[PDB]
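Shown here: work-v1.tsv, TSV, C-alpha atoms.
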chain	number	residue	atom	x	y	z
A	1	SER	CA	0.00	0.00	0.00
A	2	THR	CA	0.88	3.68	-0.19
A	3	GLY	CA	-0.48	7.01	0.96
A	4	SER	CA	-0.03	10.59	-0.24
A	5	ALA	CA	-1.32	13.73	1.49
A	6	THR	CA	-0.84	17.43	0.94
A	7	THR	CA	0.64	19.39	3.83
A	8	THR	CA	-0.16	23.12	4.09
A	9	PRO	CA	1.56	25.93	6.04
A	10	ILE	CA	-0.58	27.22	8.90
A	11	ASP	CA	0.41	30.86	8.30
A	12	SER	CA	2.43	33.17	6.07
A	13	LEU	CA	5.69	32.36	7.89
A	14	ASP	CA	5.56	28.55	7.52
A	15	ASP	CA	5.51	28.27	11.32
A	16	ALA	CA	4.13	24.73	11.01
A	17	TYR	CA	2.36	22.52	8.48
A	18	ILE	CA	-0.98	20.74	8.79
A	19	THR	CA	-2.05	17.57	7.03
A	20	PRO	CA	-5.63	16.23	6.97
A	21	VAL	CA	-6.09	12.90	8.76
A	22	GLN	CA	-9.24	10.74	8.78
A	23	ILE	CA	-10.04	9.26	12.20
A	24	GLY	CA	-12.88	6.89	13.00
A	25	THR	CA	-16.01	5.63	11.28
A	26	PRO	CA	-17.60	7.63	9.75
A	27	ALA	CA	-14.42	9.61	9.20
A	28	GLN	CA	-13.68	12.64	11.34
A	29	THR	CA	-11.09	14.73	9.50
A	30	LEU	CA	-8.64	16.60	11.73
A	31	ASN	CA	-5.69	18.70	10.58
A	32	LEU	CA	-2.60	17.37	12.34
A	33	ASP	CA	0.97	18.57	12.64
A	34	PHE	CA	3.17	15.70	11.42
A	35	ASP	CA	6.17	15.71	13.76
A	36	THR	CA	9.26	13.60	13.07
A	37	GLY	CA	10.58	14.72	16.48
A	38	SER	CA	7.92	12.99	18.60
A	39	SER	CA	6.01	9.73	18.69
A	40	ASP	CA	2.45	10.38	19.94
A	41	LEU	CA	-0.63	10.82	17.78
A	42	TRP	CA	-2.80	13.05	19.95
A	43	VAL	CA	-5.89	15.09	19.18
A	44	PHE	CA	-8.17	17.73	20.56
A	45	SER	CA	-11.31	15.86	21.50
A	46	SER	CA	-14.72	15.88	23.11
A	47	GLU	CA	-12.80	15.17	26.34
A	48	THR	CA	-10.62	18.29	26.16
A	49	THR	CA	-11.29	20.83	28.93
A	50	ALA	CA	-13.73	23.21	27.26
A	51	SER	CA	-11.85	26.40	28.21
A	52	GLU	CA	-8.75	24.97	26.46
A	53	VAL	CA	-10.47	24.54	23.07
A	54	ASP	CA	-10.60	27.66	20.86
A	55	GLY	CA	-11.59	26.85	17.29
A	56	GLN	CA	-9.92	23.45	16.83
A	57	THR	CA	-11.78	20.57	15.26
A	58	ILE	CA	-12.27	17.83	17.84
A	59	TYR	CA	-12.36	14.04	17.68
A	60	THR	CA	-15.46	12.60	19.36
A	61	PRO	CA	-14.82	8.88	19.97
A	62	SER	CA	-18.44	8.25	20.98
A	63	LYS	CA	-19.48	9.08	17.38
A	64	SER	CA	-17.05	6.54	15.87
A	65	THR	CA	-18.29	2.97	15.56
A	66	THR	CA	-14.69	1.71	15.41
A	67	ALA	CA	-13.37	3.55	18.49
A	68	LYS	CA	-12.49	1.51	21.56
A	69	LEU	CA	-11.15	2.81	24.86
A	70	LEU	CA	-7.65	1.46	25.53
A	71	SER	CA	-8.44	0.60	29.11
A	72	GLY	CA	-6.11	2.06	31.72
A	73	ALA	CA	-3.90	3.86	29.23
A	74	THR	CA	-2.86	7.47	29.81
A	75	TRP	CA	-0.37	9.76	28.15
A	76	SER	CA	1.44	12.97	28.99
A	77	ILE	CA	3.98	14.76	26.84
A	78	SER	CA	6.18	17.84	27.16
A	79	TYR	CA	7.81	19.29	24.07
A	80	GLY	CA	11.09	21.13	23.68
A	81	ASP	CA	9.27	24.47	23.45
A	82	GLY	CA	7.71	24.03	26.90
A	83	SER	CA	4.25	23.09	25.63
A	84	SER	CA	2.45	19.99	26.87
A	85	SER	CA	-0.71	17.90	26.70
A	86	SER	CA	-2.14	14.79	28.35
A	87	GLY	CA	-5.16	12.52	28.42
A	88	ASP	CA	-6.45	9.00	27.78
A	89	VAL	CA	-6.32	6.71	24.75
A	90	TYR	CA	-8.62	5.09	22.20
A	91	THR	CA	-7.82	2.77	19.36
A	92	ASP	CA	-9.49	3.62	16.07
A	93	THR	CA	-9.04	3.51	12.32
A	94	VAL	CA	-6.74	6.25	11.02
A	95	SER	CA	-6.14	7.08	7.36
A	96	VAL	CA	-3.61	9.46	5.82
A	97	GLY	CA	-3.78	10.16	2.13
A	98	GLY	CA	-5.54	6.88	1.36
A	99	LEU	CA	-3.33	4.71	3.61
A	100	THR	CA	-5.36	3.11	6.40
A	101	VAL	CA	-4.21	1.71	9.75
A	102	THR	CA	-6.66	-0.15	11.96
A	103	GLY	CA	-6.16	-0.23	15.70
A	104	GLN	CA	-4.08	2.96	15.83
A	105	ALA	CA	-3.65	4.49	19.27
A	106	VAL	CA	-5.39	7.88	19.16
A	107	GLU	CA	-4.44	9.82	22.26
A	108	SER	CA	-7.36	12.02	23.31
A	109	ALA	CA	-6.35	15.21	25.08
A	110	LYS	CA	-7.99	16.04	28.38
A	111	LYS	CA	-5.61	18.97	28.92
A	112	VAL	CA	-3.48	21.04	26.56
A	113	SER	CA	-1.13	23.91	27.33
A	114	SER	CA	-1.91	27.46	26.27
A	115	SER	CA	0.19	27.45	23.09
A	116	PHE	CA	-1.98	24.65	21.68
A	117	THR	CA	-5.22	26.35	22.69
A	118	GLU	CA	-4.05	29.59	21.08
A	119	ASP	CA	-3.34	27.91	17.73
A	120	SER	CA	-6.74	27.23	16.22
A	121	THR	CA	-5.26	25.72	13.04
A	122	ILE	CA	-3.65	22.65	14.66
A	123	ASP	CA	-6.05	19.93	15.81
A	124	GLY	CA	-3.30	17.67	17.19
A	125	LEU	CA	0.03	16.03	16.39
A	126	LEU	CA	0.95	12.90	14.46
A	127	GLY	CA	4.32	11.69	15.69
A	128	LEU	CA	6.77	10.10	13.25
A	129	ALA	CA	9.86	9.59	15.41
A	130	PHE	CA	10.65	6.12	16.76
A	131	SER	CA	8.02	4.38	18.87
A	132	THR	CA	10.42	4.11	21.81
A	133	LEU	CA	9.53	7.77	22.55
A	134	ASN	CA	5.77	7.19	22.72
A	135	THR	CA	4.45	8.33	26.10
A	136	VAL	CA	1.46	6.00	26.56
A	137	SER	CA	1.55	4.21	29.91
A	138	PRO	CA	1.54	1.45	31.05
A	139	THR	CA	1.73	-0.04	27.54
A	140	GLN	CA	3.71	2.02	25.04
A	141	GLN	CA	2.01	2.39	21.66
A	142	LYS	CA	3.28	2.41	18.07
A	143	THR	CA	3.31	5.36	15.70
A	144	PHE	CA	1.14	5.46	12.61
A	145	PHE	CA	4.23	4.76	10.47
A	146	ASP	CA	5.28	1.79	12.60
A	147	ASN	CA	1.78	0.31	12.36
A	148	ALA	CA	1.62	0.89	8.59
A	149	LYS	CA	5.16	-0.21	7.78
A	150	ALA	CA	4.54	-3.89	7.06
A	151	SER	CA	1.74	-3.06	4.61
A	152	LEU	CA	3.70	-0.39	2.75
A	153	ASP	CA	5.26	-1.11	-0.63
A	154	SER	CA	8.54	0.12	0.87
A	155	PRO	CA	9.12	0.95	4.58
A	156	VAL	CA	9.62	4.67	4.02
A	157	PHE	CA	7.94	8.02	4.22
A	158	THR	CA	9.00	11.27	2.58
A	159	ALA	CA	8.66	14.91	3.58
A	160	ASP	CA	8.48	17.51	0.82
A	161	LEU	CA	7.66	20.74	2.66
A	162	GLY	CA	6.93	23.87	0.66
A	163	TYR	CA	8.32	27.37	1.06
A	164	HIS	CA	5.27	29.58	1.50
A	165	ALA	CA	3.37	26.87	-0.37
A	166	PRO	CA	1.80	23.44	0.14
A	167	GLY	CA	3.90	20.29	0.01
A	168	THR	CA	3.49	16.54	0.37
A	169	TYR	CA	3.93	13.66	2.79
A	170	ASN	CA	4.13	10.30	1.01
A	171	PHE	CA	4.09	6.86	2.65
A	172	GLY	CA	5.46	3.70	1.09
A	173	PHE	CA	7.08	5.07	-2.07
A	174	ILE	CA	9.62	7.60	-3.31
A	175	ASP	CA	8.25	10.00	-5.95
A	176	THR	CA	11.18	10.28	-8.34
A	177	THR	CA	9.55	13.31	-10.02
A	178	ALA	CA	9.61	15.32	-6.78
A	179	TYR	CA	13.34	16.10	-6.63
A	180	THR	CA	16.31	16.97	-8.83
A	181	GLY	CA	19.56	15.08	-9.08
A	182	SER	CA	20.10	12.11	-6.78
A	183	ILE	CA	19.17	11.34	-3.18
A	184	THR	CA	22.14	11.10	-0.81
A	185	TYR	CA	21.53	8.77	2.11
A	186	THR	CA	23.20	9.00	5.49
A	187	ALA	CA	23.24	6.85	8.61
A	188	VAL	CA	20.72	7.29	11.44
A	189	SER	CA	21.17	6.64	15.15
A	190	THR	CA	17.98	5.67	16.96
A	191	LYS	CA	19.63	5.71	20.40
A	192	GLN	CA	17.65	8.78	21.50
A	193	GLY	CA	14.48	7.84	19.61
A	194	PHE	CA	14.96	10.52	16.92
A	195	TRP	CA	15.92	10.59	13.25
A	196	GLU	CA	19.43	11.54	14.36
A	197	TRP	CA	22.21	11.93	11.80
A	198	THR	CA	25.54	13.71	11.27
A	199	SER	CA	25.88	16.55	8.80
A	200	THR	CA	29.32	16.84	7.20
A	201	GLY	CA	29.59	20.65	7.46
A	202	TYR	CA	28.31	24.00	6.31
A	203	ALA	CA	28.88	27.11	4.23
A	204	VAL	CA	27.58	30.65	4.65
A	205	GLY	CA	26.54	32.31	1.42
A	206	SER	CA	29.22	31.95	-1.25
A	207	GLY	CA	31.84	31.17	1.41
A	208	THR	CA	34.04	28.12	1.56
A	209	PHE	CA	32.56	24.93	2.91
A	210	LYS	CA	33.70	24.05	6.43
A	211	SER	CA	34.04	20.30	6.92
A	212	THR	CA	32.90	19.53	10.46
A	213	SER	CA	30.60	16.90	11.94
A	214	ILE	CA	27.27	18.27	13.21
A	215	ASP	CA	25.05	15.70	14.93
A	216	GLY	CA	21.39	16.64	14.91
A	217	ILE	CA	17.84	15.50	14.32
A	218	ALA	CA	15.51	15.83	11.34
A	219	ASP	CA	12.42	17.38	12.99
A	220	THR	CA	9.44	18.46	10.91
A	221	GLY	CA	7.74	19.67	14.08
A	222	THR	CA	10.34	22.37	14.79
A	223	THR	CA	10.11	25.58	12.76
A	224	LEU	CA	13.71	26.77	12.78
A	225	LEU	CA	17.25	25.48	12.29
A	226	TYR	CA	19.14	25.17	15.59
A	227	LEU	CA	22.90	24.73	15.28
A	228	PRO	CA	26.02	25.16	17.43
A	229	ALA	CA	26.80	28.69	18.54
A	230	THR	CA	30.02	28.81	16.49
A	231	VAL	CA	28.11	28.03	13.27
A	232	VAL	CA	25.27	30.43	14.02
A	233	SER	CA	27.68	33.26	14.89
A	234	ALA	CA	29.50	32.71	11.59
A	235	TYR	CA	26.21	32.97	9.71
A	236	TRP	CA	24.87	36.13	11.35
A	237	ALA	CA	28.26	37.87	11.14
A	238	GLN	CA	27.56	38.12	7.40
A	239	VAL	CA	24.37	40.17	7.99
A	240	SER	CA	24.99	43.84	8.77
A	241	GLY	CA	23.21	44.85	11.95
A	242	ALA	CA	22.35	41.31	13.06
A	243	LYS	CA	22.74	40.59	16.75
A	244	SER	CA	21.68	38.13	19.41
A	245	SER	CA	19.06	39.64	21.71
A	246	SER	CA	18.50	38.00	25.09
A	247	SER	CA	15.30	40.04	25.48
A	248	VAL	CA	13.83	38.81	22.19
A	249	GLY	CA	15.24	35.30	22.55
A	250	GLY	CA	17.68	34.89	19.69
A	251	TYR	CA	19.28	36.47	16.67
A	252	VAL	CA	17.45	39.37	15.08
A	253	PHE	CA	18.38	41.34	12.01
A	254	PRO	CA	17.23	44.47	10.15
A	255	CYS	CA	14.21	43.70	8.04
A	256	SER	CA	15.88	45.74	5.24
A	257	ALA	CA	18.69	43.16	4.97
A	258	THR	CA	19.13	40.62	2.21
A	259	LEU	CA	20.10	37.33	3.88
A	260	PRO	CA	22.81	34.99	2.60
A	261	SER	CA	22.07	31.37	1.90
A	262	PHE	CA	23.16	28.59	4.24
A	263	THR	CA	24.49	25.27	2.96
A	264	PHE	CA	24.60	22.04	4.96
A	265	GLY	CA	26.42	18.85	4.04
A	266	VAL	CA	24.88	15.41	3.61
A	267	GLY	CA	27.82	13.15	2.96
A	268	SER	CA	29.53	14.61	-0.08
A	269	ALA	CA	26.29	16.33	-1.16
A	270	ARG	CA	25.13	19.85	-0.32
A	271	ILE	CA	21.68	21.25	0.46
A	272	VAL	CA	21.34	25.01	-0.02
A	273	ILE	CA	18.85	26.93	2.11
A	274	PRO	CA	18.06	30.20	0.27
A	275	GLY	CA	18.46	33.37	2.32
A	276	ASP	CA	14.77	34.19	2.08
A	277	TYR	CA	13.93	30.94	3.93
A	278	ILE	CA	15.82	32.31	6.96
A	279	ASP	CA	13.61	35.42	7.32
A	280	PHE	CA	10.86	34.92	9.93
A	281	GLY	CA	9.60	38.47	9.73
A	282	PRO	CA	9.08	41.25	12.23
A	283	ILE	CA	9.47	40.32	15.88
A	284	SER	CA	6.16	42.14	16.49
A	285	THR	CA	3.72	43.72	14.09
A	286	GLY	CA	5.24	46.78	12.45
A	287	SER	CA	8.74	46.26	13.81
A	288	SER	CA	11.77	46.68	11.56
A	289	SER	CA	13.63	44.03	13.58
A	290	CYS	CA	13.16	40.60	12.02
A	291	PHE	CA	13.62	37.21	13.64
A	292	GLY	CA	16.25	34.88	12.26
A	293	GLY	CA	15.55	31.36	11.06
A	294	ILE	CA	18.93	30.01	12.18
A	295	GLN	CA	19.38	30.06	15.96
A	296	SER	CA	21.78	28.62	18.50
A	297	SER	CA	21.16	25.17	19.94
A	298	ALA	CA	23.43	25.88	22.91
A	299	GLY	CA	20.51	25.93	25.37
A	300	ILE	CA	18.67	22.95	23.86
A	301	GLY	CA	21.17	20.10	24.19
A	302	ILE	CA	20.73	18.91	20.60
A	303	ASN	CA	21.03	20.38	17.12
A	304	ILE	CA	17.73	20.46	15.23
A	305	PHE	CA	17.28	20.43	11.45
A	306	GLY	CA	13.77	21.88	11.56
A	307	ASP	CA	11.50	23.10	8.79
A	308	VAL	CA	13.89	25.89	7.66
A	309	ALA	CA	16.36	23.20	6.62
A	310	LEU	CA	14.01	20.40	5.64
A	311	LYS	CA	11.87	22.49	3.28
A	312	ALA	CA	14.97	23.12	1.16
A	313	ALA	CA	15.10	19.37	0.42
A	314	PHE	CA	13.17	16.29	-0.51
A	315	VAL	CA	13.70	14.14	2.59
A	316	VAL	CA	13.41	10.35	2.81
A	317	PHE	CA	12.78	8.78	6.22
A	318	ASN	CA	13.83	5.18	5.58
A	319	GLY	CA	12.41	2.90	8.26
A	320	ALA	CA	14.10	-0.28	7.09
A	321	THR	CA	15.68	-2.54	9.72
A	322	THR	CA	18.73	-0.26	9.55
A	323	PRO	CA	17.14	3.20	9.25
A	324	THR	CA	18.67	5.94	7.13
A	325	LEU	CA	17.82	9.46	6.00
A	326	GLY	CA	17.96	10.64	2.41
A	327	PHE	CA	18.24	14.23	1.16
A	328	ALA	CA	17.85	15.54	-2.38
A	329	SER	CA	17.66	19.03	-3.79
A	330	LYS	CA	14.40	20.01	-5.46
Rewrite the structure from the file as structure tokens, please.
Amino acid sequence: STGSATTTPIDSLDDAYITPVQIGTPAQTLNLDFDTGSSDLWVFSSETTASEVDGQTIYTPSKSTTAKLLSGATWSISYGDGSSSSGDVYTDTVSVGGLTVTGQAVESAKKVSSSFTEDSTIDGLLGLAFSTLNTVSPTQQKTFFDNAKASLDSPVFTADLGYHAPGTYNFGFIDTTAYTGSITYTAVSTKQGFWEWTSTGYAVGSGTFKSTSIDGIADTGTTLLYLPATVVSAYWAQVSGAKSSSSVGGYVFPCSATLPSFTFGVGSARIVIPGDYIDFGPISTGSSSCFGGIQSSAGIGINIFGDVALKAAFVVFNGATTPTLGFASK
């Protein structure tokens, strides 16, 4: 089997991407944030505290003839940005882009933190990291991809995120018309539960490529590119007036600037992030200070190849027995 679904930016900055997902019978379509940095499929629901729902579409398990409570199961998750959610668990039929999984754990939120409530466009998350990170207790549950894998034509999914435009998540096949040149694959470590890999270096603008190993994760659920302070300083030093602001929370730059590109290495290959992808706009409405799309990871503990980086590539998440990542230009 295969599936193919369009993913759409939630706003004009590409802060996140939503993908429609069919849950239950008859189908309830919710728009979920596909997140290769986590491993829970959770939704706003008829069980969510009413004051914490503000415009989201909810899953109502009592209206689904295929829903079943997973007795005793609870979940609770905290994300790197400080947001969180928790609740109980149903199994139900879940379909993405024509690919159907029966018996998928659908984690129904009883509580969500304010950042979720305040984002009316995201009805939940669909985790695509390794199932060892799933938070369901006392019996850990599998991701949608793990449940689908055996049925797929090939045990892969691909992320093709757009710049200020829709893109595609495909399951079970590699669309050879969706990228240019060849795909370069690179080894993955699953030791932390992430799609963790080692970039071979970077260049700033037209500068020389610096060969250096940068371990990090491919995370579609993180907006920006978080890299070591040395690398980030080298980038922003090429932008007149750019500076790191503790009060704002990262590097800012004059909105009048033209940003240089940023290149990252994948083996001997190179992925070029255009400068315009690194502009996240005014820090507040009407400001002439703009927020940078490349930020330091020094306070995170891990480097993160988020959407800024991934949307410059066609990315293969290869879930074979020995997982790998593939990157192509597009």
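Going from atom CA of residue 218 of chain A over to atom CA of residue 182 of chain A, you cover 19.1 Å.
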Could you list, as number ranges by chain, every residue within 8 Å of segment 83-87 of chain A, counting only C-alpha atoms and ignoring same-chain residues fewer than 4 positions away?
A: 74-79, 107-116
Nearest to residue 82 of chain A, chosen from A:179, A:300, A:231, A:312, with all atoms listed in the file counted in the distances:
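Nearest to residue 82 of chain A: A:300.
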Residue nearest residue 15 of chain A - candidates A:189, A:238, A:208, A:220, atoms counted: all atoms listed in the file
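For residue 15 of chain A, the nearest of the given residues is A:220.
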How close does segment 152-187 of chain A get to segment 269-292 of chain A? List, as CSV, each residue of segment 152-187 of chain A within 9 Å, its nearest atom pair and the distance in Å to one decimal, counting only C-alpha atoms.
residue,atom,partner,partner_atom,distance
A:163,CA,A:277,CA,7.2
A:183,CA,A:269,CA,8.9
A:184,CA,A:269,CA,6.7
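Within 12 Å of residue 146 of chain A there are residues 39, 40, 41, 101, 104, 105, 127, 128, 129, 130, 131, 132, 134, 141, 151, 152, 155, 156, 157, 171, 172, 318, 319, 320 and 321 of chain A, counting only C-alpha atoms and ignoring same-chain residues fewer than 5 positions away.
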Report the distance between atom CA of residue 158 of chain A and atom CA of residue 33 of chain A in Å, rounded to one decimal place.
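Between these atoms lies a distance of 14.8 Å.
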Just to confirm, what's the straight-line distance from atom CA of residue 11 of chain A to atom CA of residue 174 of chain A in Å (one decimal)?
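Answer for the atom CA of residue 11 of chain A to atom CA of residue 174 of chain A separation: 27.6 Å.
Distances from A:258, A:22, A:199, A:211 to residue 304 of chain A were compared using all atoms listed in the file, and the smallest one belongs to A:199.
Shown here are all protein and nucleic acid residues lying within 12 Å of (-3.4, -0.8, 5.5), with all atoms listed in the file considered: residues 1, 2, 3, 93, 94, 95, 96, 97, 98, 99, 100, 101, 102, 103, 104, 144, 145, 146, 147, 148, 149, 150, 151, 152, 153, 171 and 172 of chain A.
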